[PDB]
Every structure is written in structure tokens, then in C-alpha cells.
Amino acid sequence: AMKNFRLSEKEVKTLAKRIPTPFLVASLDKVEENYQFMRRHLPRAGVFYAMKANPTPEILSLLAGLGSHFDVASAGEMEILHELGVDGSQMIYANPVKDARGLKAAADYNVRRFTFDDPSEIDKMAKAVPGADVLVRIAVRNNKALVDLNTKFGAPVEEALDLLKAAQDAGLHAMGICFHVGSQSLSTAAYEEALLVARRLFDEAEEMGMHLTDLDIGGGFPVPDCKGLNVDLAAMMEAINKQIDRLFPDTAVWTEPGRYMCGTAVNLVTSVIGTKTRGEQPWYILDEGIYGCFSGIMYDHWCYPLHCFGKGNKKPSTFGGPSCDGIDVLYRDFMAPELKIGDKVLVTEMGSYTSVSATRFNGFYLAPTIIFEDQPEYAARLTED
């Protein structure tokens, strides 16, 4: 049902005349639409936005103003939110293994909601923020996750209540259970299964006199790649919500979406800076590559949808980035029209785990994130409606 944010060819042209490539263009209205869709289809799970996916300040402010909470991974992330006026009470420090700077930032900002998955974490947490609310993260199954989040993270389920009891012994507040099924999950069942497991744990805790009040179901909601998205997100979210109503009518339930919130709200605009026409497969060199926004190729095993403009015949083509490294090859055997130096191409669904792993390799600048609603092209869309 929902439309992904996509710039038109005309918009690409006018934007790139004004702004030097490469740049990202983010639609706040599409971030908002994504937040509201999750509120509509998954009403039971309050949102802690996993800003690790995309920390663009205007996005964070938008989300804060919509009532979102935030999942923070580091001191840096807390500091960003603090400078935007967000109180520590709206944060969960959900990195199960915290460092000294992070714990100090948490104390400074009155962040007192933590996750953990190991006994070695308890004394660090109890010392930095005594009496903090803690959710123990359990390791869960998922046969359809792009990124496994249950080997490096997550306690065995049979240690969960023992960990909560040890944290309680150290003066922390044993508040509940969390899990993350893994990133880019194409499984709804994984959420349903984790929910049943947590239900049994909550019941066993109650008997021990520990009363658990909060359940955090993590993120993993998927976004379309160069082959679309083979999941119906509304049905996924409704099925999760149904299982939460079924099992957890009286518990405060929460979610930590990262990828989903902005993935479909951001486009990359990049120019062809060189061609190589010799031989059978042409090459085009772009001004953005694998050490910038296309770093998700490497870290996130990802294939982004590339759009070329032009109505003539297409042939298999290679696209590379602007660095001096051989690894900087983005697409091979990609059906493309004949492009020339100065042509702009468009990459859609570029909002998540892209700019956050960009670098200044070879001294290139970080591509900036342009706010679409501040540009005359947005206004032109409003008037066209």
C-alpha cells in the first residue's frame, strides 16, 4: 500500500544543479508515514527508534516530536540526542556490552534503562547507574535473518531468570525481557516464537516473586532491496501485534525498529564522473562508492536499487566508485543505457545502514543528507497536489 520515497528525474536534475553530488535526500514526511504505519499496525509496541540505522538530526527531532523514544548504542548517540533536547528518560542504552564512556554518559543524562546478556555486565551497570531498570536479552531463533543477532548477543533462555535475579541482587531493577530476531527478518514466526518463550519466562519469574512489567521485541522489520520486499509489512506487523495482545495483555511492550523507519525515506544522487567505453561492457565511475553510502554492500550484505535515466537501448554495464581501490565496484552486468560524464543516477531505499558506515577513505567528504522538505522541489510537490 505505502509508496517508497523516490525522486523524479526532473527533481534529480534541479537538485543536482543546486547541490554538488553526491548527496542523500531524506523525506521527513516519509519517515513520519513510516512511524504512523507502525503505530497503526503494531499499536501494542511502543517505539524506541534504533538511531544506529540513521541518526540524521532532523529525523531524530521529527521522531522526538512524534513521541518516539530512542535506542542508543554508545555515548556518541546519547550526546546527539542530548544536544537535540531529548531527556535520558526517553532512551534505552541497548548495547548489551557497554564501555566506560557510554556508562558515564548514561549517568550524566539520567539514562536508566539498559539491556544485558551476561553476568559480567551486571557490576558495571550497578556501579554506573544504581537502581537502573534492566531487561535481560535472550537468544532466539531465526532462519530468515540477513544479520544474525543471536550469536554475539543474547543469553541462553535457561540463564535469563538467573541473570535477572543476580542483577536484582546487585540493586538493579529486574524489569523484563528483550530479544532481537535479527536484521532484515523475512520471518514473522520468529517474532511469534520469541513471544511464547518470553511468556513462559514471565510466568516463571512471577513465581519467584520477580514481577516483570516490560517486554522489548527488538527490531528487524525489513526494507526492499534491488529485488523489492517479499514480505507484506502490514500483515507482519498485525501478526506480531495479535500475538502480543494474546500473550501480553497487561505488559508494557516495546519495539526497537532501526532499518524500517528511514530505509524507504532516503535517496542517493550521484554523478557519472568517468566512462570507459572500450570493449563490450561499458564502465561508469560514480562520485559515490563502497567507502561511502554503498558501504552497506560490504557490511550489510546489501544490493541497492539503481535507477539510470535515458530511453535508448541498454546493455550490460559495470559501475564503480571514485576511490583508487579495486574493491570499489558496485554493480556488474547491470542493464543500463548509454550514459555520459555529468549524467546523474539515482539510488532509492538508501536510508538505513548506508551513510552511518561511510568513511573519508581517500580523503573524500561524507555525502551530506539534504532535507527534502526544506527544498523548493517539495514545495512544488505540494502545489502540484
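The first residue of the shown sequence is 1; numbering continues from there.
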property: Of 146-154 and 161-169, the stretch whose C-alpha atoms average the higher B-factor in the entry; result: 161-169
property: 103-111 versus 220-228 - which carries the larger mean C-alpha B factor in the record; result: 103-111
property: Candidate residues 117, 87, 71, 287, the one whose C-alpha B factor the record puts highest; result: 87
property: Which of 193, 83, 300, 256 ranks first by CA B-factor in the deposited coordinates; result: 83
property: Entry-reported Cα temperature factor of residue 335, expressed as the chain third it lands in; result: highest
property: Residue 185 CA temperature factor, ranked by third within the chain; result: lowest
property: Modelled-residue ranking by C-alpha temperature factor, third containing residue 310; result: highest
property: Modelled-residue ranking by C-alpha temperature factor, third containing residue 271; result: lowest
property: Chain thirds of CA B-factor: placement of residue 379; result: lowest
